[PDB]
RNA sequence: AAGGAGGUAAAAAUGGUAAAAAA
RNA sequence: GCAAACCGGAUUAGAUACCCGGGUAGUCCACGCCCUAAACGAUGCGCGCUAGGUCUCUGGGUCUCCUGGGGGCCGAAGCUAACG
RNA sequence: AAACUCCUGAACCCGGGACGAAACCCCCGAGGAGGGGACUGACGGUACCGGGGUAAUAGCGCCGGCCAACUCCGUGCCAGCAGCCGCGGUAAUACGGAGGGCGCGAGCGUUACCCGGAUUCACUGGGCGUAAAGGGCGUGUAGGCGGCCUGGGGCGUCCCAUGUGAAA
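Residue numbers (the authors' numbering), protein chains in the order written: chain AE, 5 to 155; chain AH, 1 to 138; chain AQ, 2 to 101; chain AD, 2 to 209; chain AL, 5 to 129.
Dropping the structure here:
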């Protein structure tokens with residue numbers, strides 16, 4: 005019981021010898037609502053194809069979510085080259101104040117109080133990627149205790 | 001040469017961290033000794049000692065690593081995530097009490113030299129004494 | 002109180018009065034870094050007793066004449082040929098910046 | 002003014018019913034069950050894709066519309082909500098529910114919003130002594146909504162008090178079908194009055 | 005720029021230019037005018053647009069437009085210098101109002117009565 | 001003899017033709 | 001010897017141009033004066049750190065090797081929007 | 001929604017009715033503290049208290065995407081909207097009209113002005129191989145900043161006290 009929450013659609017033509025052939029790109033984000041997510045872009049001639057296949061790539065491109073009440077446990081300045089996603093902690097009741105893909109992905113993680121600013125290239129592709137790696141670079145007290153105990 | 005054997009050290013650190021090479025060397029000084037003191041002292045490096053190369057006193061530093069996971073390549077994660085030299089020889093930061101960062105808001109560490117010696121975020125705020133803001137690390 | 006300050010002596014050349022380059026410094030209220038700053042004052046020398054360098058602690062007193070403010074109460078040291086040299090070097094680099 | 006007129010035309014507009022008008026818009030339709038769905042020449046013509054922001058705005062509306070007031074003062078008291086201390090959202094909800102008019106209504110004296118606000122601005126309510134008009138009057142823990150002396154000998158006031166006896170008031174709504182009063186107790190929560198609305202939507206929205 | 009150079013110099017403020025010198029704080033002015041004509045916007049139009057030259061009560065021969073169909077305007081009107089260019093008439097800046105001292109909107113308008121003149125369409129029925 | 005790269009010689013008689021545009 | 005400008009020649013619809021015949025400024029020698037550029041590695045300078053495989057030029061060592069300094073290519077990590 | 005229904009009762013009629021003002025003053029005490037009596041309303045008989053009682057103003061932008069909301073005729077690159085990108089060149093969801101609806105409501109749009117978004121002069125928070133950019137290059141003045149070790153200094157720096165930072 006995930007959630008196929010489509011983000012948007014892209015239309016990519018290649019200039020046929022006798023015309024032009026577009027193809028659908030399905031930017032999809034898959035959640036669960038409590039704390040698991042995955043990302044996928046669909047690559048297909050007609051829309052639904054792309055949507056489903058995308059949803060499926062989101063299905064296998066997974067990642068966990070550490071929640072405290074409903075916020076981040078710190079502050080990350082993540083940068084997928086072009087884009088630059090930045091998250092900062094907020095108190096309960098604040099709401100999910102974020103951009104497009106930020107709040108989408110994060111509500112498929114089900115955040116509740118996250119101050120988020122998004123800088124640089126706001127290109128939805130690299131935005132999704134930067135986001136995914138921002139939460140894929142989420143450290144917590146637990147993970148701290150692992151390595152900051154010393155092996 | 002060198003303008004900051006300190007920040008240069010921090011850099012060689014960043015090398016060994018980002019390259020995964022168990023240990024790395026960095027010349028003789030009392031202050032580096034204080035810093036690396038703090039570093040082991042919060043479970044980060046693997047240690048230090050006053051060594052020597054060619055006849056020149058140095059200070060070698062071994063460092064910490066995590067577990068080797070599979071799937072997306074074998075690359076294990078880092079322990080000494082990142083350190084940033086704050087008070088450059090142009091931005092001579094001088095934090096005090098009510099000042100002081102929070103570093104990753106909760107965890108991390110601030111390294112700062114005060115009236116008495118080399119302190120840390122939580123320490124220096126607990127102490128109630130401040131000074132220059134060296135690096136940040138988490 | 003009455004503000005005083007130390008400073009490097011410049012020009013004995015005035016009769017019974019000298020000039021003194023004072024130094025202060027401060028960071029940038031928005032751009033970190035401290036900045037070195039020069040500011041000469043009127044070193045009041047009733048019994049002409051300071052010369053070409055003589056760092057002295059100088060005293061803000063009752064007005065003496067045109068801009069004639071400050072004085073001296075006590076001395077620090079002598080023969081500041083170095084800092085004074087830099088002073089005259091600046092003046093030289095001034096006499097090397099023509100628009101004509 | 003505060004809209005009025007084609008009201009439970011709003012009931013259908015959201016996609017969820019809202020008593021709003023008692024008796025009938027509470028009966029076999031809040032304009033609903035007959036023909037419930039957003040009004041107009043369109044309406045029942047294939048629902049679409051309202052952006053996240055859109056159903057967010059809608060949530061905001063929805064909320065202000067069940068709270069028979071202007072979105073003006075809805076907003077104003079929202080500002081007042083994030084102003085002082087408290088859990089922004091749920092507290093905001095509470096701050097809405099603490100207003101004299103809905104207090105008079107949910108007490109039972111009124112059978113829904115419009116009637117209620119009429120009665121309230123008609124100064125028929127005496128809290129700790131004084132008859133107050135001033136519909137946007139939020140009381141305080143340690144006060145009590147009463148009815149006027151001649152407003153005891155009153156038609157559908159009595160009819161209300163009659164078709165009410167047995168209908169349990171809120172946990173912070175103290176009833177008094179004897180002294181003809183209504184203690185404003187504690188400070189209620191989304192669990193006390195759950196309306197088809199999300200808090201963080203209205204927040205995130207308003208706090209753009 | 006390494007802190008030092010930044011301090012020695014300065015990162016100058018953008019400044020503006022006002023793409024709209026209605027000037028004095030006066031974007032409301034007494035459009036005296038002269039001529040009418042037509043003119044065209046790029047490759048897909050052709051219309052009218054006046055030229056109202058205005059003189060304000062400070063100067064300039066501008067290009068004062070009009071709020072559209074329903075005209076009179078002849079040569080005075082007090083064309084109320086307003087503001088807003090488009091891909092039409094190399095100017096379209098400082099529009100007209102209708103109402104002012106003249107024009108008072110389209111003979112029968114049912115919407116933009118906030119400049120297009122007509123009061124309150126009381127059909128008295 | 002594979003590729004890729006690094007410097008030396010090869011190779012066009014002639015060409016004017018536009019355009020608001022259709023998806 | 002060469003060669004802009006300049007003339008003949010042939011070419012084309014035109015040839016003030018490329019191809020051919022002559023021919024000058026100038027390209028050389030010294031003093032001076034101008035100071036420009038794709039002055040191009042389009043990459044400032046100084047240091048320290050971070051895989052190696054190689055072709056080659058100079059400095060040192062008994063030398064199928066090492067080591068100082070440089071000069072082509074490759075490719076860890078890393079970086080870059082991409083080529084790189 | 002209207003009409004029909006019952007209810008309440010803005011506006012409005014009559015009546016009573018302010019706080020805003022107790023000091024100054026004479027007097028007993030001494031001209032002091034105290035104690036007494038007396039004067040003092042511009043608003044305005046307005047606030048407001050009681051009773052009598054009538055349903056009793058509705059607009060402004062929009063409906064192409066940004067930015068929430070569509071159907072119908074006309075118009076035919078003409079008339080025209082237009083912050084941006086454009087929309088119309090005879091089946092316009094963008095013009096103009098009409099039903100509906102989105103918003104806002106005693107206000108709604110329009111322009112002007114400023115701050116933001118603009119991290120788009122970047123301190124937090126940018127860049128110089130090819131998009132904007134190395135100065136053709138060597139010299140060095142000042143200036144800028146500076147390797148290991150000890151001790152003095154306590155200028156920068158940190159800490160507690162502290163004067164002032166009025167009021168608003």
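Just so it is clear, CB atoms sit at the ideal spot from N, CA and C, and this is done for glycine as well.
Using the Cβ count rule (16 or more neighbours within 10 Å means buried), how would you classify residue i?
i	result
residue 6(AL)	exposed
residue 205(AD)	buried
residue 107(AE)	buried
residue 22(AL)	exposed
residue 67(AD)	buried
residue 81(AD)	exposed
residue 45(AQ)	buried
residue 159(AD)	exposed
residue 123(AH)	buried
residue 89(AD)	buried
residue 201(AD)	buried
residue 16(AH)	buried
residue 19(AD)	buried
residue 46(AL)	exposed
residue 62(AE)	buried
residue 15(AQ)	exposed
residue 87(AH)	buried
residue 136(AE)	buried
residue 98(AD)	buried
residue 7(AD)	exposed
residue 98(AL)	buried
residue 95(AQ)	exposed
Just confirm the distance between the C-beta atoms of residue i and residue j, as a whole number of angstroms; I'd bet it's less than 8 Å.
i	j	result
residue 117(AE)	residue 99(AE)	7 Å
residue 58(AE)	residue 27(AE)	That pair is no contact at about 13 Å.
residue 2(AE)	residue 33(AE)	Since the first residue shown for chain AE is 5 and the last is 155, residue 2(AE) is missing from the structure and cannot be characterised.
residue 182(AD)	residue 147(AD)	4 Å
residue 134(AH)	residue 115(AH)	Wrong, their Cβ atoms sit about 15 Å apart, outside the cutoff.
residue 166(AD)	residue 178(AD)	6 Å
residue 9(AQ)	residue 60(AQ)	Wrong, their Cβ atoms sit about 16 Å apart, outside the cutoff.
Excluding sequence positions up to five away, which residues of its chain have a Cβ less than 8 Å from the Cβ of residue i?
i	result
residue 101(AE)	94, 107, 118, 119, 120
residue 40(AH)	46, 47, 48
residue 10(AD)	32, 40
Identify, in the order they occur along the chain, each residue of the same chain with its Cβ nearer than 6 Å to the Cβ of residue i, setting aside the five sequence neighbours on each side.
i	result
residue 117(AD)	102, 105, 106, 111
residue 62(AQ)	72
Please go through the same chain and pick out, in chain order, the residues whose beta-carbon is closer than 7 Å to the beta-carbon of residue i, but skip the five residues on each side of it.
i	result
residue 35(AE)	6, 7, 9, 41, 112, 113
residue 12(AQ)	19, 20
residue 102(AH)	none
residue 125(AL)	114
residue 34(AQ)	28
- Counting only runs of 3+ residues fully inside the segment 59-118 of chain AE, write out the beta strand (DSSP E) ranges in chain order. Qualifying beta strand (DSSP E) stretches, in chain order: 66-68, 80-82, 87-93.
- In the segment 88-120 of chain AH, which residue ranges form an unbroken beta strand (DSSP E) of at least 3 residues, counting only runs that do not cross its ends? Within the segment 88-120 of chain AH, the complete beta strand (DSSP E) runs of at least 3 residues are 110-114, 118-120.
- Quick one: complete alpha helix (DSSP H) runs, 4+ long, within the segment 56-108 of chain AD? Whole alpha helix (DSSP H) segments, 4+ residues: 72-84, 89-98, 101-105.
- Query: Can you find at least 3 beta carbon pairs, one from the segment 9-23 of chain AL and one from the segment 55-62 of chain AL, that sit closer than 8 Å?
  - Reply: At 8 Å Cβ cutoff, the stretches do not touch.
- Message: I'd like the ranges of any beta strand (DSSP E) spanning at least 3 consecutive residues and lying wholly in the segment 134-189 of chain AD.
- Response: The qualifying runs are 144-148, 182-185.
- Runs of beta strand (DSSP E) wholly within the segment 22-96 of chain AH (minimum 3 residues, chain order): 23-27, 45-53, 56-63, 83-85, all fully within the segment 22-96 of chain AH.
- Query: Do three or more CB pairs link the segment 103-119 of chain AL to the segment 37-44 of chain AL at distances below 8 Å?
  - Reply: Segments in contact, no.
- Task: Could you tell me which uninterrupted beta strand (DSSP E) segments, each at least 3 residues in length, are contained entirely in the segment 39-64 of chain AQ, listed from first to last along the chain?
- Result: Counting only runs that start and end inside the segment 39-64 of chain AQ, the beta strand (DSSP E) elements of at least 3 residues fall at 57-60.
- Quick check: the segment 30-47 of chain AQ against the segment 72-92 of chain AQ, are there 3 or more CB pairs under 8 Å? They touch, by the three-pair rule.
- Message: Three or more C-beta pairs under 8 Å: does that hold for the segment 65-79 of chain AH against the segment 145-154 of chain AE?
- Response: The segment 65-79 of chain AH, when compared against the segment 145-154 of chain AE, does touch it at the 8 Å Cβ threshold.
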